[PDB]
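Working notes, structure below.
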């Protein structure tokens with residue numbers, strides 16, 4: 006393949022130097038999708054002709070020496086979860102009743118808008134669970150997205166299709182979204198790098214309600230290298246007055262790649278003091294943390310002092326996500342697509358539980374969840390009063406086997422302790438409460454399957470996260486593990 010396993014940085018250079026045409030990037034990427042995605046089931050919409058049209062125009066500009074963007078020719082796909090791209094479908098993660106929906110003119114979600122703006126070529130959309138409402142990717146319309154490291158296992162979610170394509174070498178970057186961890190969750194299970202930016206760093210368009218009661222929501226890249234994520238972040242970040250958290254600051258994410266972590270004070274937790282975490286994952290993260298001590302950082306265990314139980318926190322997260330989910334369902338019903346009645350079967354029972362639970366949620370309950378969130382935020386802040394970075398395992402458990410009923414979920418217990426199977430083991434959700442930037446870095450394999458370590462920075466310290474990530478990438482590479490998917494039978 007001229008493009009399998011190439012980085013975005015490599016493709017940009019190949020295209021800019023006229024070694025390969027944008028047309029050939031598109032056809033070769035299509036070949037990889039057609040050849041390799043049947044097992045993975047990561048792609049849910051193919052926009053091949055659009056990509057061909059865009060490639061022809063990009064090729065003409067390159068040949069005539071007209072201006073081209075900073076990701077010119079890099080192939081990518083966006084995520085099918087509140088997707089907005091004019092003329093494209095949006096099924097909210099595999100809701101069959103929405104299969105005929107198409108995006109209205111002039112309405113865009115951030116990843117397709119900004120990536121295409123800098124001449125990345127959008128090839129289609131990737132699979133998500135229904136309404137994003139779990140850390141696995143499966144639904145009853147498209148089915149499960151499978152792990153390139155072992156197709157009997159799930160890629161994770163909700164951005165599972167994004168991570169699976171990147172982990173299988175098919176595109177160098179894919180768009181994820183994250184309300185409880187979903188840029189980072191599937192990255193951790195697929196040996197890819199998932200970057201969740203600070204709140205306000207990348208615009209997020211929530212309409213009709215910009216002041217919704219949910220957790221912080223983010224769009225961001227999943228890549229195989231930290232450099233590619235920095236390149237994507239240079240495109241994705243930036244002021245937009247229509248996002249009421251937007252930061253009016255310009256950064257160069259690539260400037261942090263060579264910075265190192267010498268002298269940094271790093272806090273370490275294996276379970277945030279409140280989650281049950283598989284011992285093998287704890288051990289792997291203890292080892293990974295020591296990579297930083299060899300690079301001149303000082304690492305020590307910290308106690309966040311979170312006074313809520315992990316069930317209390319996951320229940321609050323579910324209610325916070327459920328409120329705008331109910332608003333979506335109510336609006337769709339008004340528009341003639343009724344997911345409460347006629348098309349009830351399209352919603353998982355576990356999700357309908359929360360849908361019903363918040364239908365008449367009291368202001369007292371809303372307030373209690375807000376107090377919980379504040380407490381978690383302040384526990385994070387207590388760490389960053391004294392430390393430059395916090396390390397933790399991204400997730401409390403290893404990948405799960407795919408179900409056969411379209412409802413793959415996580416474990417309901419870890420170490421004998423009950424845990425919410427949709428999101429409870431996704432320890433990432435703490436930064437959707439708190440707003441801190443974080444990235445999942447591949448920490449190694451356990452019994453042949455990937456596990457991630459989360460690097461968290463202080464509020465707005467995205468470049469510190471990039472610097473630590475790149476330092477770890479140099480000292481403890483994970484690229485060799487791609488040999489597993491690279492050699493899998495097709």
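In the deposited numbering, the protein residues as written are 6 to 495. Even for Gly, the Cβ is constructed at its ideal location relative to N, Cα and C.
Per DSSP, what kind of secondary structure is residue i in: helix, strand or coil?
| i | result |
| --- | --- |
| residue 51 | strand |
| residue 155 | strand |
| residue 347 | coil |
| residue 398 | strand |
| residue 514 | Residue 514 cannot be examined here, being either before or after the span of the chain that is shown, 6 to 495. |
| residue 379 | helix |
| residue 137 | helix |
| residue 123 | coil |
| residue 471 | helix |
| residue 147 | coil |
| residue 477 | helix |
| residue 25 | coil |
| residue 406 | strand |
| residue 304 | strand |
| residue 221 | coil |
| residue 1 | Not covered by the structure: residue 1. The range shown for the chain is 6 to 495. |
| residue 292 | helix |
| residue 433 | coil |
| residue 195 | helix |
| residue 259 | helix |
| residue 96 | coil |
| residue 37 | helix |
| residue 273 | strand |
| residue 18 | helix |
| residue 325 | helix |
| residue 128 | strand |
| residue 413 | coil |
| residue 58 | helix |
Out of the options, which has the shortest C-alpha to C-alpha gap to residue i?
| i | options | result |
| --- | --- | --- |
| residue 419 | 411, 412, 404 | 404 |
| residue 162 | 439, 399, 478 | 399 |
| residue 494 | 331, 345, 304, 173 | 173 |
| residue 258 | 10, 469, 18 | 469 |
| residue 255 | 239, 11, 136 | 239 |
| residue 150 | 273, 109, 14, 41 | 41 |
| residue 46 | 15, 33, 166 | 166 |
| residue 421 | 284, 476, 216 | 284 |
| residue 288 | 363, 397, 340 | 397 |
| residue 93 | 117, 374, 70 | 117 |
| residue 275 | 307, 300, 250 | 307 |
| residue 492 | 14, 242, 156 | 156 |
| residue 65 | 51, 87, 53, 28 | 28 |
| residue 112 | 209, 388, 140 | 209 |
| residue 262 | 249, 235, 248, 247 | 235 |
| residue 455 | 169, 54, 222 | 169 |
| residue 324 | 343, 297, 351, 374 | 374 |
| residue 376 | 471, 211, 220, 16 | 220 |
| residue 322 | 233, 471, 140, 389 | 140 |
| residue 388 | 72, 302, 106, 273 | 273 |
| residue 245 | 340, 79, 115, 164 | 115 |
Assuming residue i and residue j make a contact with CB atoms under 8 Å, what is their CB distance in whole Å?
| i | j | result |
| --- | --- | --- |
| residue 466 | residue 143 | Contact doesn't hold; Cβ gap of about 35 Å is too wide. |
| residue 146 | residue 96 | 7 Å |
| residue 154 | residue 490 | 6 Å |
| residue 30 | residue 20 | 7 Å |
| residue 433 | residue 185 | 7 Å |
| residue 402 | residue 430 | 5 Å |
| residue 536 | residue 159 | Outside the displayed range of the chain (6 to 495) lies residue 536, so it cannot be described from this structure. |
| residue 286 | residue 38 | Not quite, the Cβ-Cβ distance comes to about 32 Å (not below 8 Å), so this is no contact. |
| residue 60 | residue 91 | The pair is not a contact, with the Cβ atoms about 19 Å apart (cut-off 8 Å). |
| residue 382 | residue 438 | 6 Å |
When the distance is taken between beta carbons, is residue j closer than 8 Å to residue i?
| i | j | result |
| --- | --- | --- |
| residue 7 | residue 25 | yes |
| residue 444 | residue 474 | yes |
| residue 62 | residue 127 | no |
| residue 331 | residue 311 | no |
| residue 178 | residue 226 | yes |
| residue 218 | residue 360 | no |
| residue 497 | residue 176 | Only positions 6 to 495 of the chain appear in the structure, and residue 497 is not among them; the question remains open. |
| residue 482 | residue 135 | no |
| residue 130 | residue 88 | yes |
| residue 457 | residue 446 | yes |
| residue 277 | residue 435 | yes |
| residue 52 | residue 299 | no |
| residue 229 | residue 33 | no |
| residue 16 | residue 73 | no |
Quick check: the region 95 to 105 against the region 187 to 197, are at least 3 beta-carbon pairs closer than 8 Å? no
Segment contact flag, the region 315 to 328 with the region 195 to 207, C-beta cutoff 8 Å, min 3 pairs: no
Segment contact, 8 Å Cβ cut-off, at least three pairs: the region 72 to 85 with the region 326 to 338: no
For the region 269 to 278 and the region 384 to 393, state whether three or more C-beta atom pairs, one from each stretch, are separated by less than 8 Å. yes
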